[PDB]
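Enquirer: Quick one: experimental structure and sequence below.
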Amino acid sequence: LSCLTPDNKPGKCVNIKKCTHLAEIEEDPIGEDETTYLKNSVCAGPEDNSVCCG
């Protein structure tokens, strides 16, 4: 699916088990700043088992 980045840039929407960005967060430590950025890069909805990658 096509998603728009926080800056409204053309991107794609994928589950929470494929996007490289998700793998980086799972491999690296977690923080409040990472949770806020991840929530903003979601496929519309704090909970939808999906994320937006652009």
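Expert: Everything's here; your move. Numbers count the residues shown, from 1 in each chain.
Enquirer: Let me see the ranges of the helices in the chain.
Expert: Ranges of helices within the chain are 20-27, 32-40, based on DSSP state H.
Enquirer: Tell me how many other residues crowd the residue lying closest to residue 20 once chain neighbours are set aside.
Expert: Distances taken as C-beta to C-beta, 6 or more residues apart in numbering place residue 53 nearest to residue 20, at 7.7 Å, with adjacent residues excluded. Quick note: C-beta positions are derived from backbone N, CA and C, even for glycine. Neighbour count for residue 53, taken as other C-beta atoms under 10 Å: 16.
Enquirer: Can you give the strand pairings for the longest strand belonging to the chain, parallel or anti for each?
Expert: Criterion DSSP state E: the longest strand present in the chain is strand 10-15. According to DSSP bridges, strand 10-15 has the following sheet partners: strand 2-4 (antiparallel), strand 50-53 (antiparallel).
Enquirer: thinking again about what came up before, JSON lines for the helices of the chain, including distance to residue 9 and mean neighbour count?
Expert: What follows is the helices of the chain, written out as JSON lines (distance: least, C-beta to C-beta, whole Å; neighbours: other C-beta atoms under 10 Å):
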{"stretch": "helix 20-27", "distance to residue 9": "14", "mean neighbour count": "12"}
{"stretch": "helix 32-40", "distance to residue 9": "13", "mean neighbour count": "11"}
